[PDB]
Amino acid sequence: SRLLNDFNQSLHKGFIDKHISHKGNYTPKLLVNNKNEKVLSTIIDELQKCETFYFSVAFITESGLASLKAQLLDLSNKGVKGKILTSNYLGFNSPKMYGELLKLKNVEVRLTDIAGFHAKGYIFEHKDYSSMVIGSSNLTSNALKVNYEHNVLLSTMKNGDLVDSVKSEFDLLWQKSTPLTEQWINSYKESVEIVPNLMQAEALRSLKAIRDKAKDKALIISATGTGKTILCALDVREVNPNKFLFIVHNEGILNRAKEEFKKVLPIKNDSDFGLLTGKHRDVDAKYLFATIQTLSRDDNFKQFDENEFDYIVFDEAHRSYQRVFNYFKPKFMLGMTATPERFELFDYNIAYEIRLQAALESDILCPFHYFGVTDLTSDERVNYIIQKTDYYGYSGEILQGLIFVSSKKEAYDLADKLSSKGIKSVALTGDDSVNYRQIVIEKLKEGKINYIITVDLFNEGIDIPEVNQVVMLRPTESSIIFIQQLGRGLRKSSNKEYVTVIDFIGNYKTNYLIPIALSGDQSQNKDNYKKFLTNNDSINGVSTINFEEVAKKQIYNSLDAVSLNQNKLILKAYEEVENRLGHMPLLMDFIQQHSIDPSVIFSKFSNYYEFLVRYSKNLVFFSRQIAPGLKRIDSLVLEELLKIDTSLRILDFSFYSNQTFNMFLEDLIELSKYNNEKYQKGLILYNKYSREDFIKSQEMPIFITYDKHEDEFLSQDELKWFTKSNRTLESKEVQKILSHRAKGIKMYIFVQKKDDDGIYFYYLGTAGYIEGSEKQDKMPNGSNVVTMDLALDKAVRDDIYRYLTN
Amino acid sequence: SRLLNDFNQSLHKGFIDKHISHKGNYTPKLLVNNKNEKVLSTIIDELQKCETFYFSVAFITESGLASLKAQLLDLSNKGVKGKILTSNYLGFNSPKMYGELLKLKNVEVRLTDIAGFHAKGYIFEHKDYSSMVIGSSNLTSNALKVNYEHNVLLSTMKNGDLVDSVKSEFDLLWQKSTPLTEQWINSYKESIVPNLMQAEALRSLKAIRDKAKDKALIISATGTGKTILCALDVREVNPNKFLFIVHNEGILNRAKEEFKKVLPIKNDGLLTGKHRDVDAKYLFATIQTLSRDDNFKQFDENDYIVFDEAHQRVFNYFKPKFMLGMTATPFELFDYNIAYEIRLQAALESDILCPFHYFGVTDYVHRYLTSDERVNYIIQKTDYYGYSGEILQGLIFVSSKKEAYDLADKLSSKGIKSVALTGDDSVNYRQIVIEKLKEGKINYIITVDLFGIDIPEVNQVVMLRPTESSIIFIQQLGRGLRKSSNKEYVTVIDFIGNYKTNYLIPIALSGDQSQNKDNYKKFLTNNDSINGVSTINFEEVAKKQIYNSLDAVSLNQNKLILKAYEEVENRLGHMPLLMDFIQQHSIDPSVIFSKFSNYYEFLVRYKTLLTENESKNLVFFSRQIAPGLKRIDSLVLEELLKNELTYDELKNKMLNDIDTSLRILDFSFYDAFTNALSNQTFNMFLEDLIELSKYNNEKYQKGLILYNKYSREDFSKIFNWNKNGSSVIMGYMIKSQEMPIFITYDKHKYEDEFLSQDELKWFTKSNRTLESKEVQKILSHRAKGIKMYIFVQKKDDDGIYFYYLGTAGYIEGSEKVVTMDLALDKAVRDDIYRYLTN
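In its metadata, the entry names X-ray crystallography as the structure determination method and reports 3.1000 Å as the resolution.

Chain B is annotated in the PDB entry as Putative helicase of Staphylococcus aureus subsp. aureus USA300. The title given to this PDB entry is "Crystal structure of the ATP-dependent restriction endonuclease SauUSI".

Going by the annotation in the PDB entry, the name recorded for chain A is Putative helicase, with Staphylococcus aureus subsp. aureus USA300 given as the source organism.

Q: Honestly, the overall build of chain B in this entry has me stumped. Any pointers?
A: Looking only at helices and strands, one finds 32 helices and 28 strands in chain B. Its C-alpha radius of gyration of 31 Å places chain B within 12% of the 28 Å reference for a compact globule of 838 residues.

Q: I'm lost on the overall build of chain A in this one. Help?
A: Of the regular secondary structure elements, chain A holds 32 helices and 28 strands. Overall, chain A is about 95 × 85 × 55 Å in size when its C-alpha atoms are taken along their principal axes.

Q: Honestly, unusual backbone geometry in this entry has me stumped. Any pointers?
A: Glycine aside, residues mostly have negative phi angles, and peptide bonds mostly take the trans form. Unusually for a residue other than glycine, A:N307 sits at a positive phi of about 60°. Within the secondary structure, A:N307 is located in the loop between helix 14 (300-303) and strand 13 (311-314). Residue B:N838 is not a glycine yet carries a positive backbone phi of 50°.

Q: I tried to follow the packing of helix 10 (residues 229-239) of chain A against helix 11 (residues 251-264) of chain A on my own but got confused; where do I start?
A: Any two packed helices are characterised by the angle at which their axes cross and by the distance between the axes. Residue and element names in this part refer to chain A. Viewed as axis vectors pointing N to C, helix 10 and helix 11 meet at an angle of 45°, and their least axial separation amounts to 9 Å. Regarding the angle of helix 10 to helix 11, the classification is oblique. Both helix 10 and helix 11 take part in a crossing whose hand is right-handed. Together, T229, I230, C232, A233, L234, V236 and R237 of helix 10 and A257, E260, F261 and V264 of helix 11 make up the contact between the two elements. Tallied by class, residues from the contact of helix 10 with helix 11 come to 8 nonpolar, 1 polar and 2 charged.

Q: Is there a simple way to explain the interface of chain B and chain A in this structure?
A: Interfaces are often sized by the amount of accessible area the parts lose when they come together. Opposite the 42 residues of chain B that make contact, chain A presents 45 residues. Secondary structure elements with two or more residues in the side of chain B that touches chain A: helix 1 (2-15), strand 1 (29-31), strand 6 (129-135), strand 7 (151-157) and helix 6 (161-175) of chain B. Per-element tally for the side of chain B that touches chain A: the top contributor is helix 6 of chain B, with 6 residues. Among the residues forming the side of chain B that touches chain A, the class breakdown is 19 nonpolar, 15 polar and 8 charged.

Q: Would you mind showing me how to read the sheet that holds strand 27 (residues 762-765) of chain A here?
A: Within a sheet, each strand pairs with its neighbour through backbone hydrogen bonds, oriented either parallel or antiparallel. Residues and elements named next belong to chain A. Pairing in this open sheet of 3 strands is mixed, and the strands run 23-26-27 from one edge to the other. With partners counted over all chains shown, the strands left at the sheet margins are strand 23 (700-706) and strand 27, one partner each. The average undirected angle you get between the axes of adjacent strands in this sheet is 30°. In this sheet, strand 26 (residues 747-753) lies alongside strand 23 in parallel orientation, the contact comprising 7 bridges. Bridge assignment links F703 to a residue of strand 26, and that residue is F750.

Q: Looking at this structure, I do not really get the domain arrangement of chain A. What am I missing?
A: Residues and elements named next belong to chain A. According to the domain assignment, chain A contains domain 1 (2-190), domain 2 (204-357) and domain 3 (358-568). Averaged C-alpha coordinates put domain 1 and domain 3 at centres separated by 30 Å. In this assembly, 24 residues from domain 1 lie in contact with 23 residues from domain 3. At the level of secondary structure, the elements contributing two or more residues to the side of domain 1 that touches domain 3 comprise helix 2 (39-48), helix 3 (62-67), helix 4 (69-78) and helix 5 (95-102). Sorting elements by how many residues they give to the side of domain 1 that touches domain 3 places helix 4 first, with 6 residues. In the side of domain 1 that touches domain 3, the residues fall into 7 nonpolar, 7 polar and 10 charged.

Q: Mind showing me how you'd approach the environment of A:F92 here?
A: Structurally, A:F92 is set in the loop between strand 3 (82-87) and helix 5. C-alpha separation for the pair A:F92 and A:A58, spaced 34 residues apart in sequence, amounts to 9.6 Å.

Q: For this particular structure, what's the right way to read the domain arrangement of chain B?
A: Residues and elements named next belong to chain B. Taken domain by domain, chain B holds domain 1 (1-190), domain 2 (202-346) and domain 3 (347-551). Centre-to-centre, using C-alpha coordinates, domain 2 lies 30 Å away from domain 3. Across the boundary between the two partners, domain 2 contributes 15 residues, which contact 21 residues of domain 3. Broken down by element, the residue count for the side of domain 2 that touches domain 3 peaks at 3 residues, all from helix 12 (residues 344-349). Taken together, the residues that form the side of domain 2 that touches domain 3 break down as 7 nonpolar, 6 polar and 2 charged.

Q: I'm lost on the pairing of strand 26 (residues 788-794) of chain B in this one. Help?
A: Residue and element names in this part refer to chain B. Relative to strand 26, strand 23 (residues 740-745) is paired through 6 bridges, and the arrangement is parallel. Its bridge partner lying in strand 26, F742 is registered against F791. Strand direction decides the pairing type here: strand 26 and strand 27 (residues 801-808), joined by 4 bridges, are antiparallel. Each bridged residue has a counterpart across the sheet, and for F791 the counterpart in strand 27 is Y804. Joining the antiparallel neighbours strand 26 and strand 27 is a turn of 6 residues.

Q: Can you walk me through the pattern of salt bridges in this structure?
A: It is possible for side chains bearing opposite charge to pair when their charged atoms get close. For A:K262, the salt bridge goes to A:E259, with nearest N and O atoms at 2.7 Å. Taken as a pair, A:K262 and A:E259 lie in helix 11 at a separation of 3 residues, close to a single helical turn. With its nearest N and O atoms 2.9 Å apart, the salt bridge here joins B:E100 to B:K69. In this pair, B:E100 is assigned in helix 4 (residues 95-103) and B:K69 in helix 3 (residues 62-77), connecting sequence segments 31 residues apart.

Q: Looking at this model, I keep getting lost on the packing of helix 24 (residues 611-625) of chain B against helix 29 (residues 680-700) of chain B. Mind explaining?
A: Residues and elements named next belong to chain B. Across the interface, helix 24 lies against helix 29 with an axial gap of 10 Å and an inter-helix angle of 10°. When the interaxial angle is binned, helix 24 and helix 29 end up roughly parallel. Crossing hand, helix 24 versus helix 29: right-handed. Taking contact as the criterion, the partners of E614, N617, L618, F621 and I625 in helix 24 are, on helix 29, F682, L686, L689 and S693. When the residues that make up the contact of helix 24 with helix 29 are grouped by side-chain class, the tally is 6 nonpolar, 2 polar and 1 charged.

Q: Please explain the environment of B:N376 as it appears in this structure.
A: Residue and element names in this part refer to chain B. Counting through the fold element by element, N376 comes out in helix 13 (residues 372-384). Sequence spacing of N376 and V433 is 57 residues, and the spatial spacing of their C-alpha atoms is 24 Å. A polar atom in the side chain of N376 sits 2.3 Å from the backbone oxygen of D372. Among the polar contacts made by the side chain of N376, one reaches the side chain of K414 at a distance of 2.7 Å.

Q: Even after reading the chapter, I still don't get the sheet that holds strand 20 (residues 469-473) of chain A, so can you show me in this structure?
A: Residues and elements named next belong to chain A. Read from one edge of the open sheet, 7 strands run 18-19-17-20-21-16-22, paired in parallel fashion. With one partner strand each, in any of the chains shown, strand 18 (426-427) and strand 22 (544-547) form the two edges of the open sheet. Pairing between strand 16 (residues 368-373) and strand 21 (residues 499-504): 6 bridges, direction parallel. Counterpart to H369 in the pairing with strand 21 is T500. Contacting strand 16, strand 19 (451-454), strand 20 and strand 21, helix 16 (residues 378-392) crosses the sheet at an angle of about 150° to strand 21.

Q: What is the right way to look at the packing of aromatic side chains in this model?
A: We describe a pair of aromatic rings using the distance from one ring centre to the other and the angle between the two ring planes. For the pair A:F605 and A:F611, a centre-to-centre distance of 5.7 Å together with 50° between the ring planes defines the contact as tilted. For the ring pair A:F703 and A:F750, a centre distance of 4.4 Å and an interplane angle of 5° mean the geometry is stacked. Of the aromatic side chains, those joined through ring pairs into one cluster are A:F244, A:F246, A:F261, A:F273, A:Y287, A:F289, A:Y311 and A:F332. Over the aromatic face of A:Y391 sits the side chain of A:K69, whose NZ or CZ is 6.0 Å from the ring centroid. Seen from the ring of B:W174, B:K83 lies directly overhead, with NZ or CZ sitting 5.2 Å from the centre.

Q: Would you take a moment to explain the side chain of B:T382 for this structure?
A: Residues and elements named next belong to chain B. Its place among the elements puts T382 in helix 13. Of note is the side chain of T382, whose polar atom sits 2.7 Å from the backbone oxygen of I378. The contacts of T382, once residues within four sequence positions are left out, are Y444, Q460, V462, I493 and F495.

Reading the values: rules and limits
- Residues numbered from 1 in each chain as written, not as in the entry; some residues may be left out.
- Chains lettered and ligands numbered in written order.
- Heavy atoms only, no water.
- Residues with missing side-chain atoms left out of burial classes, pairs and counts.
- Helix = DSSP H or I, 4+ residues; strand = E, 2+ residues; numbered from the N terminus.
- Rg over C-alpha atoms; globule rule 2.2 N^0.38 Å.
- Axes fitted to C-alpha atoms, helices over the stretch in contact; angles between N-to-C directions.
- Parallel < 35°, antiparallel > 145°, perpendicular 65-115°, else oblique.
- Left-handed = near helix turned anticlockwise from the far one by under 90°.
- Contact = heavy atoms within 4.5 Å.
- Nonpolar A, V, L, I, M, F, W, Y, C, P; charged D, E, K, R; others polar.
- Pairing = 2+ DSSP bridges.
- Domains from an automatic or database assignment.
- Salt bridge = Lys/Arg side-chain N within 4 Å of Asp/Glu carboxyl O.
- Polar contact = N/O pair within 3.5 Å; in protein donor to acceptor, adjacent residues only side chain to side chain.
- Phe/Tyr/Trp six-rings, centres within 6.5 Å; stacked < 30°, edge-to-face > 60°.
- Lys NZ or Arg CZ within 6 Å of the ring centre and 35° of its normal.

In structure tokens:
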């Protein structure tokens, strides 16, 4: 039985001999640690491919159950049921948490009362074998994603002594635990200096450069629209101005920004911090915080001495509000805005750009759990939406959410429809008055209503920190749009630990765009976005991105049937980049401003110039030759030429208007060097190379396009290798190969996925041969092929393995 | 080679097939805190036999480190060094606990501040292989003995891949972590309900209350937990004329607060001396304030009096409804009616005591015994197993009055403020010195006599005297067992010297009165069933001293049997039958049966009826009834006495296993008895042995029980043999579908040897060879006949009573003196395993 032969090998690698290259995914007995192979990754996998599961976890947090929440639903639609066992030891679990458990209709939950229940055991029963994860990780996003937790993944066959001891232990306290219902829930409810981090200090240095270069009008854009006020205060603290004025368009944000400034700064509360709202006129204060409405009305700005504040901060929705109130002549003018769909006002100087991915690493954003779901007709949609929003739930104690719809007629209708049977449901639109917008905003903030429904008022407006839930009921028009509406929920608040965004996916042509926004991947490779899309969650902090199975296919279909090289998309990207700088930009400005990777420009046009021409050989070669770095032998030696074998190889490769041309060479070579460092440092593992970028003398390069549905992986250490058809199984075709992997030459294995293209071939490392009975022949019909099982020297990573093996 | 074949069988059994047997001890284990198995056992176990350890454990507490402390000290003297990795993830990891980590001489403690350090990784590498314990247990006493935890013990080779990951991960952040030095430590700157035992007690008082007796006493060996038991009985019936009498003054206020907690009504008395409450019908006076100048004439002679051991006597004269008392004494008064006896084991189960960590250490080698060398050794030892709180508030019991004062002077000259306090001290100097410790003005009070002292706050109990008795030991252990705010537990340090009286230490702690030296030695090796947070530890050189004291002394002499009889007779007031020994927790009646033929020959020997015929009847009656093996035999005797029914019509009636009825009858069988019944002494002694049959059986046997000491004769009797043979069975003997095997295990040439927890080597008698007359029978019988029953004794144990460990059978290929490897059907328990394999 191969099942036993596979287990023996794997059991032999995990406990006896690590150098032996096994042929079994069962029980290599791996140690799960949160070092870019997060504990959440393998527990999702074991959940996906299991018939049943029973957990014996002592501590469940709601944010952690959210990470498993979409995987358990897809399991319920598959017919997979499970059990969970917990306790009320130390009063740690909350009723709201216990309520989310009851929503798992396919998960059976009982509550034990053994003293000091601290067990943390997850057990997955497969069809043939079983897997157990035992260790220190609770069911909480800290233990699951970001922590230093020790657990061990043990796979095993159904007759193991360890399994029996565990199952018989579970069934013991399961037989004497009490089940979970709402009736049980009712009984339970009755009974210092802030220092800049990596992103800010990086942002701070850019502002300093603008200051130290003698200018006075800068700008800061935040895609989400958040994370700015604290950045400003850090920057104000360095300059230490005599007087400082902080302009804002929204009054609620104003006071919050003031309190936020107080934290960064040690000065007296009364002396320096003054509000200048409708009801406050602290004009004598050293740090003044004012709405434009009050500064503009009745020339209130006129009573202030011009150029008396050394530092000003507007947020650039307040321009052209009061255009006339730009008259101050301060030492430094700084504006901050949510990124523009379309600054000219601030003399084309961008201090720093806040991107979603960067801000998540910096822990300046509220964590979020994105959830993509299936299926503007009110009746059917409303009831489906209610039951889907109910399942995934909200992060706080009460529901405070903004719903984004496709059109205004839908927004108002949906609100009244939702209003039936308890949903609060009030709609705002571009049509509605300022007073009405403010009133209903206060209503949501005051928890008077749960849902505010809009379509357009997401830009520098309705910025509310308290929102638990962001619902998307519209085709994602743009990445920027998609982010800004995510950004509406990303402000940290007391009521919410995280923010759940529930994204309904329908037959929209633009679903490729929604995985595009979530990653900072301007380079349009459909493989990069499919790889990030599927089980590549080891990058984030505590936030998770989950897709239901059917929704995942919907995005896949949309990304496949849509061209990303469209001439309309590249034209719009050029115009965006032009606005960023007010110039005809070089390819750099597509990088520094994160718009379009120049490798995407070349896929449609052989030159940037030719694209300019719609609205040669030197350009196409010089980019292509240098656009990737490739060890920098060319980068440094051709730099010397501009003004040991690998060196030689670089010379042979280069051999084998005009002033405008020199300038244009500069952008391409500069991109070359930047591209080099960011992607190739100074032959890098788990990277992508193309045959050109790469059996010879001391070279045996294998390039596979994995198509198992043929070469197939047997474990993380072995795969089956086919030669060409009609290969001799003897003499030159095989005896050269059977010698190479045996002795002398080393193999270089490259694996593509069948959807991918030429410039993209993963590199997995080196290999050899099993040397034992890796012989074969062909089918009766065809031309003699040879199959051999090779032994990888470096085992393949989890996330790489899971994406290649579907 | 041999290692791998053993290993693969263990991998196979753990991970592939639970039903095969295996050689070696490498099967993965599920560590849970069971009331039969605990994680600490296995952690200690892996510690003892390893070369080097390194723990990657997030949370460590003082109370857990004390358990590893004694073991880690032994490891230190063997040249074994370890590593410990810890982090202050949740911010508290108390600074003192970090001082205790510094004490660990053979442990490199490092400190990482990586985010959320939550791992619990215990790795033990022996020279041949490695062990890994991974799960949810922290280095805390609750994670290692109480809480329901989940750990997996994994044995592995040095080249296993799983250990590569764990070792390489540990090395990564060991280099990134900062070493635990004292400078860094100092640098740190940051900012009503009745127990289940009660039910037993107030049941006894209620039973006494049903009768006309108005006097009863409860015995507390430690002398604690007395307050909340009385007040619970005072609440049952409220005499509304209540008066509380004690000899200690600091206890008066404590006892008054406790009684005020159980009773909910208002406050409105105590007259501690120049005090003036004297009313409200709730008194809390002392004997001295009453005894001085006759102050009992203030109230009528005529309802809930309760006293003390040392509590003038003319003030005991006046009559009330329900007088009582509470003592810790080795009463004669109170109509000789003892209500309940609080013993150590029971009292620790109801959590009325305080947790304790005993530490048996070796006294210094080479005043008479208060030199510079013995002083500096006691210092470096009490420092090691340090105190459980934050300030040291301990007691020290030495052996002579002269030692107490001289040691106090020498101890205090080293910076450890100590004061002696012997019986020839004044009463006011005691109260000045006692309240000097309660206020933390000093750290120690050395004594010989006063075990006066009644301070709850005591951290340490140091013992520098031979254990005089079993009673004295527990009493001066009870000076810490009271609960207090300053302390989490009581560390107790007993200095084991050359004294011959060390054998009493396991006798006092276990509570096992059946003085069998195997039962005690078992309590030395592994007490994995001692529920609660508390632990008992012996240094290796100290544990052998207790073993020597057990071997070198006998527990049988006729003077001790007589002493116990006089002790029971003084607790009873009458002459004790055999049920009075057990009911008072005196020596098990088997201890009387070992030297004297029966209880009648004992009573006459130390000051009869139908002597010769009655004596033989009593000796057999002991055999049949006293062990309590096989209830039906005892019940059949009762039916014959009363039912007197018609042959096997009665015998059948019993069924509402008939072979078992028949051998009960055989045992009794194989006219004069009515004449023996006509005697009143014989009928009286019968009514005692029969009840002794019932009690022994019900408990020990009615609850062939596994992992029990069983006798050749006892097995033959249990299994309805005609023979009831004892001499007939040897190492191997086989009946019809039986073949029990009895082995005296003593590994250290070719002998019976345990190969794993389910597979040993059997050896036949006297080089009988090959496929002989009996071997082939044994092989065919295992294959097609007897279920092989097996019993294991230790080399030291003498009784024919061997531990039963299930059934076994000849492994097929094992047939290679006849030597064969057999497979047990139930793997032998860990405590039994450790004790049987020494």
